[PDB]
Each structure stands twice: as structure tokens, then as C-alpha cells.
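here are the coordinates; sequence isn't available:
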Ligand code: NA
Ligand code: NA
Ligand code: NA
Ligand code: NA
Ligand code: NA
Ligand code: NA
Ligand code: NA
Ligand code: NA
Ligand code: NA
Ligand code: NA
Ligand code: NA
């Protein structure tokens with residue numbers, strides 16, 4: 001049993017080298033072993049909320065039959081940066097399921113804002129959904145892209161590593177979504193395209209990982225949260241969030257990967 005103090009000191013050295021703050025929370029879903037470091041401190045969500053937005057859409061669909069196959073047109077809409085899928089499909093519109101997949105797997109901003117506008121009731125509505133699953137920490141205050149400002153000590157558009165991990169655990173393995181909807185959500189996480197250098201980089205290529213990244217573009221602020229399915233072990237839920245004090249500092253994918261490696265080494269997994 002690696003003493004938790006050992007794990008904490010490895011993370012302190014890592015965040016000192018990085019020049020900022022690293023916050024982590026992990027849960028072993030078989031043993032209920034947990035580990036946290038800065039787990040109750042707030043960090044900006046950046047795009048990480050989009051995974052929960054997809055979940056909010058699936059939840060909504062459980063009380064509105066047919067919702068996922070409905071199409072949303074936006075032919076004369078002003079489109080946001082980092083909207084690769086919705087920019088491409090503007091001539092056709094997209095179904096609610098397609099928007100949800102895009103916002104999670106490609107971090108698509110147009111898709112996020114469209115779903116917040118037309119289905120989820122804005123940042124307020126997103127926040128209310130999280131409250132409805134027992135998350136009293138998450139808060140979405142602003143839309144894309146202004147939510148990326150990541151100002152030191154601004155609690156808007158933040159959560160904590162613990163609350164992110166706990167909410168991921170609730171959605172992946174709990175009671176919020178029915179079986180079909182829960183499978184859909186986790187398949188979307190599994191097919192995420194933006195996380196190859198973050199938590200996925202800390203585990204063997206043959207383990208299965210579902211994740212969603214966040215990158216604010218300022219204040220060295222970036223993150224990842226995931227479910228990890230090791231070979232012959234219960235799944236692990238992990239959240240890793242970072243920040244740096246200078247606005248022009250870049251984040252580091254390597255640092256997120258290394259934080260993930262340190263934390264996972266602390267679970268008794270065959271790798
Ligand atoms: Na110490
Ligand atoms: Na529901
Ligand atoms: Na459904
Ligand atoms: Na799709
Ligand atoms: Na709020
Ligand atoms: Na405001
Ligand atoms: Na849970
Ligand atoms: Na085993
Ligand atoms: Na499982
Ligand atoms: Na910080
Ligand atoms: Na400073």
C-alpha cells in the first residue's frame with residue numbers, strides 16, 4: 001500500500017516543476033478506495049463540461065420520446081471558433097444526437113451552445129441538471145467561449161476534481177441514465193478524439209478509456225476526466241485539473257499525463 005503521503009509528495013514536486021496547481025481525484029469503483037490532492041479546490045471547467053452536457057441531453061430524452069433524432073437547423077447562425085463539426089454541417093443542420101456526439105468527442109463549441117440554447121436552458125439549466133444528480137459544486141455561469149477566461153480565483157465556470165470525478169462516477173455507473181442511454185454516453189466518452197496526450201497517455205494502449213478534455217487557452221489551464229477500464233480490474237474514475245498564475249502561460253498535456261500516472265500507480269492495478 002503506497003502511503004498516500006508518498007503520492008502527495010510526488011504531485012507536489014510535479015506541480016512545482018510545472019509552475020502551478022494540479023488537482024486530482026480518483027475512485028476505484030470495485031474497492032471504493034479514493035485518492036485526492038487539492039480535490040476540493042476549484043479549477044476552471046473549460047470544455048470539460050461538454051461531457052456532462054451530453055449527459056444532460058440524454059437525460060432529457062428519457063422524458064421526451066424521440067428527442068435524439070430531432071434535427072436542429074442553424075443555417076444563418078454566427079458560428080463560434082472550435083466548431084469543426086457544426087461548421088461543416090451548417091448546410092444540413094444536425095440531429096440532437098449528432099450535436100451531443102460532436103460536443104463531447106470534438107469539443108465542438110457551436111454544438112455546445114446550440115444544445116444549451118435549444119434544450120438545456122443555458123448555463124443555468126446546465127447547472128440545474130448537475131444539482132439534480134447531487135452535484136452541489138459544479139457551476140456553469142457563461143457560454144462558450146467567454147467561460148474560458150480562467151481568471152485566478154474566479155469561481156464562475158468551475159468545479160473541483162472531486163465533484164467532477166463523483167459526477168462522472170454517478171453518470172457512468174449510477175442511476176441517472178437508463179441502460180441504453182448510459183451505454184450511449186460512455187461510448188461517446190470512449191470515442192473522444194482530443195485526449196490522447198492526457199489521461200490516456202498514462203495507461204497501456206490496450207486498456208479502454210472514456211474521457212473528456214478541457215483547455216481554456218490561458219492561465220496554463222487545462223484538464224481531463226475519465227473512466228478507465230483496466231484488464232482484469234474494476235474501472236477507475238479519475239479527474240485531473242491544472243492552472244498557472246500567468247495569463248500567457250501554456251498548459252502542459254505531459255503534466256496531466258504524469259499526474260494521472262502518479263495517482264494510478266497508487267491503486268493496486270496490474271499496471
Ligand atoms: Na509534503
Ligand atoms: Na431523466
Ligand atoms: Na432516450
Ligand atoms: Na454523430
Ligand atoms: Na451558478
Ligand atoms: Na453573467
Ligand atoms: Na456513484
Ligand atoms: Na485480476
Ligand atoms: Na464496467
Ligand atoms: Na492556480
Ligand atoms: Na505569479
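Arrived safely. Numbers count the residues shown, from 1 in each chain. Ligands and ions are numbered 1, 2, ... in the order given.

can you count the residues close to the closest residue to ligand 3 within the stretch 101-250 of the chain?
Per Cβ to the ion, residue 181 is where the stretch 101-250 of the chain lies closest to ligand 3, at 5.0 Å. The C-beta positions use only the backbone N, C-alpha and C, and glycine is treated the same way. By other Cβ atoms under 10 Å, the residues close to residue 181 number 18.

doesn't residue 63 make contact with it?
No: using Cβ atoms under 8 Å, residue 181 is not in contact with residue 63; the gap is 11.4 Å.

quick one, phi psi at the closest residue in space to the residue of the stretch 101-250 of the chain closest to ligand 3 that isn't next to it in sequence?
In space, and not counting its chain neighbours, residue 181 is closest to residue 58: 4.4 Å by Cβ to Cβ, 6 or more residues apart in numbering. Per-residue torsions, residue 58: phi -60, psi -40 (degrees, to the nearest 10).

just to revisit the earlier point, mind checking the SS state of the residue of the stretch 101-250 of the chain closest to ligand 3?
Per DSSP: H, G, I helix; E, B strand; the rest coil, the local secondary structure of residue 181 is helix.

what does this structure put close to ligand 3?
61, 181 (Cβ under 5 Å from the ion).

6 Å - rerun?
For the chain, the residues in contact with ligand 3 (Cβ under 6 Å from the ion) are 61, 62, 181.

could those residues be laid out in JSON lines, adding distance to residue 11?
Below are the residues of the chain next to ligand 3 laid out as JSON lines (distance: Cβ to Cβ, whole Å):
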{"residue": "61", "distance to residue 11": "39"}
{"residue": "62", "distance to residue 11": "39"}
{"residue": "181", "distance to residue 11": "35"}
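
host element of residue 260?
Following DSSP states H and E, one finds residue 260 within helix 253-265.

Residues contacting that helix from elsewhere in the structure, which ones?
For helix 253-265, contacts defined as Cβ atoms under 8 Å, 6 or more residues apart in numbering pick out 2, 7, 10-11, 14, 18, 22, 24, 26, 35, 37, 197-199, 201-203, 222-224, 228, 236, 238, 240, 242.

Any of the residues you listed buried? List them.
7, 10-11, 14, 18, 22, 24, 26, 35, 37, 198-199, 201-203, 222-224, 228, 236, 238, 240, 242 (16 or more other Cβ atoms under 10 Å).

Of those residues, which belong to helices?
7, 10, 11, 14, 18 (DSSP state H).

in this protein, which spans are strands?
For the chain, the strands defined by DSSP state E occupy 21-28, 34-37, 43-44, 71-72, 94-95, 158-159, 208-215, 222-229, 236-243.

Would you mind finding the most buried of those?
Each of the strands of the chain was assessed for mean neighbour count using mean count of other Cβ atoms under 10 Å. The highest is strand 236-243, with a mean of 29.

so what strands line up beside it?
Here strand 236-243 is paired, per DSSP bridges, with strand 21-28 (antiparallel), strand 222-229 (antiparallel).

where's the first one relative to the chain centroid, distance-wise?
It refers to strand 21-28. The gap between where strand 21-28 is centred and where its chain is centred comes out at 13 Å by Cα atoms, centre = their mean, to the nearest Å.

From ligand 2, how far off is the residue nearest to residue 233 when sequence neighbours are not counted?
Leaving aside its sequence neighbours, residue 233 sits nearest to residue 269 (Cβ to Cβ, 6+ apart; 5.0 Å). Distance of residue 269 to ligand 2, computed by Cβ to the ion, to the nearest Å: 33 Å.

And residue 228, by the same measure?
From residue 228 to ligand 2 the distance is 26 Å (Cβ to the ion).

a markdown table please, covering the residues of the chain next to ligand 3 and showing distance to ligand 2.
Formatted as a markdown table, the residues of the chain next to ligand 3 follow (distance: Cβ to the ion, whole Å):
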| residue | distance to ligand 2 |
| --- | --- |
| 61 | 8 |
| 62 | 4 |
| 181 | 8 |
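
Contact partners for the most centrally placed residue in the chain?
Nearest to the geometric centre of the chain sits residue 48, at 3.4 Å (Cα atoms, centre = their mean). Neighbour list for residue 48: 159, 164, 212, 213, 214, 223, 224, 225 [criterion: Cβ under 8 Å, 6+ apart].
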